[PDB]
Amino acid sequence: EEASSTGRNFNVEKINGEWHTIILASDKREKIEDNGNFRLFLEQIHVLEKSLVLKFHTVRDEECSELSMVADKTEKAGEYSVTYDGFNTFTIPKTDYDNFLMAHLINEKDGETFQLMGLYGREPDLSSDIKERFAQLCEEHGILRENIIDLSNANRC
Ligand SMILES: COc1nccnc1CC(C)C
Ligand code: NA
Ligand code: NA
Ligand code: NA
Ligand code: NA
C-alpha cells in the first residue's frame with residue numbers, strides 16, 4: 001500500500017525511524033553537487049505531534065558532520081516547513097513506508113527558488129525498479145535525469 005502525505009489515508013507515524021538518502025535531484029544541480037548545502041544524507045525521521053525531527057549528516061573533505069532540523073506542519077495537510085539555507089516547504093508525494101520515501105521540496109533564498117526531490121530508503125540502497133519510479137516522478141516535475149544524482153555509493157560515513 002502506498003500513500004502521499006497530502007492524501008486522506010496518510011499515516012505519518014509510519015514514516016518514523018531509520019532512513020537513508022539514496023538519490024537527490026534538483027532543477028539547480030549545484031545545490032546537491034559535492035559542495036552543495038542540500039547534499040544531505042538522511043539518517044532518521046522522528047515523528048512528533050505537529051513536527052518531524054530530521055537527522056542528517058553532511059560530508060566535506062571526506063569528513064561527516066551531524067545536522068538536525070525540525071520541520072513544522074503548515075496550514076496545508078501533508079506539508080511541512082523548515083528553515084535551512086533559506087525557507088523550505090516540502091511534501092511526500094509517494095511512500096510505501098516499508099521501503100521508500102519520495103519527497104518534493106521548494107526552497108526560497110534571496111528572492112530565488114529551486115525544486116529538490118529526494119528518494120530515501122529504509123536500507124542504504126533501493127531496487128532499480130524503485131529508482132526508475134523516482135526518475136519518473138522527477139520527470140513529472142520538470143527535472144531532467146541528468147540532474148538526478150544517485151548517492152547510494154556514498155551515503156555512509
Ligand atoms: C532540508 O531537507 C532536505 N534537504 C536535502 C535533502 N533532503 C531533505 C529532506 C526533505 C526533502 C524532506
Ligand atoms: Na555542476
Ligand atoms: Na502552498
Ligand atoms: Na507534486
Ligand atoms: Na510538491
Side-chain angles (χ1 to χ4, degrees), residues 2-8 10 12-48 50-60 64-74 76-97 99-109 112-122 124-126 130-131 133-152 154-157:
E2 298 188 347
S4 173
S5 68
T6 57
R8 197 65 175 297
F10 188 61
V12 202
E13 290 175 324
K14 292 195 171 180
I15 70 170
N16 184 75
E18 177 188 5
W19 290 101
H20 299 265
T21 290
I22 307 311
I23 300 183
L24 294 179
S26 182
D27 54 9
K28 275 197 188 175
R29 201 179 198 279
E30 57 174 296
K31 292 53 193 309
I32 52 163
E33 279 170 349
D34 288 55
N35 296 168
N37 295 159
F38 289 79
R39 179 188 267 276
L40 299 181
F41 295 94
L42 185 65
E43 295 178 344
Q44 57 185 297
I45 290 176
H46 200 58
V47 176
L48 298 179
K50 297 182 183 187
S51 61
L52 301 176
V53 176
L54 307 177
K55 305 186 177 182
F56 302 92
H57 69 256
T58 176
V59 176
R60 43 78 59 181
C64 281
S65 298
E66 299 293 65
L67 182 173
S68 182
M69 230 175 261
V70 175
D72 296 295
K73 302 185 58 56
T74 71
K76 40 181 71 54
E79 188 180 70
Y80 291 82
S81 63
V82 59
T83 291
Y84 174 69
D85 197 34
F87 173 66
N88 306 280
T89 60
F90 65 86
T91 57
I92 294 173
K94 197 52 70 173
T95 175
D96 72 340
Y97 307 117
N99 287 293
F100 69 89
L101 189 155
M102 298 188 192
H104 172 261
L105 179 151
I106 293 302
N107 172 263
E108 289 172 350
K109 185 185 172 184
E112 306 194 306
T113 192
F114 70 88
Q115 294 185 276
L116 178 93
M117 309 209 64
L119 172 65
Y120 307 93
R122 289 297 198 174
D125 202 357
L126 283 168
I130 294 303
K131 289 187 184 178
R133 292 187 61 193
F134 180 68
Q136 296 296 145
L137 178 68
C138 289
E139 172 177 1
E140 293 179 339
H141 293 265
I143 299 172
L144 288 172
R145 283 162 194 263
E146 60 187 54
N147 285 174
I148 298 175
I149 305 174
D150 186 320
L151 299 172
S152 61
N155 65 183
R156 306 180 196 54
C157 295

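Just follow the structure's listing: the first ligand is 1, and inside any ligand the first atom is 1. The figures that follow rest on heavy atoms only: side chains count, while hydrogens, waters and symmetry mates do not. The chain is numbered in sequence order, starting from 1.
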Using non-hydrogen atoms of the residue, decide whether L116 is closer than 4.0 angstrom to ligand 1.
yes

Under 4.0 Å from ligand 1, counting heavy atoms only, is it the side chain of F90, its backbone, both or neither?
side chain

From the candidates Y84, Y120, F41, the one that places a heavy atom nearest atom 6 (C) of ligand 1:
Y120

Any idea which atoms of ligand 1 are less than 4.0 Å away from a heavy-atom of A103?
11 (C), 12 (C)

Using 3.0 Å as a strict upper limit, say whether an N, O or S atom of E33 approaches the Na ion (ligand 2) that closely.
yes

protein heavy-atom neighbour closest to atom 4 (N) of ligand 1 works out as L40 CD1, 3.4 Å

Identify the heavy atoms of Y80 and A71 that sit nearest to each other, and give their distance.
CD2-O, 3.8 Å

closest protein heavy atom to atom 3 (C) of ligand 1 is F56 CZ, 3.9 Å

A side-chain contact here means heavy atoms from C-beta on lying under 4.5 Å apart; do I149 and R39 qualify?
yes

Test your reading of the model: is there a side-chain donor-acceptor pair from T21 to the backbone of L40, 3.5 Å cut-off?
yes

If we only count heavy atoms from C-beta on, is the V53 to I45 side-chain gap below 4.5 Å?
no

Measure from the ring center of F38 to the ring center of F114 and say whether it is less than 6.0 Å.
yes

Separation of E2 CD from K94 NZ (nearest 0.5 Å):
5.5 Å

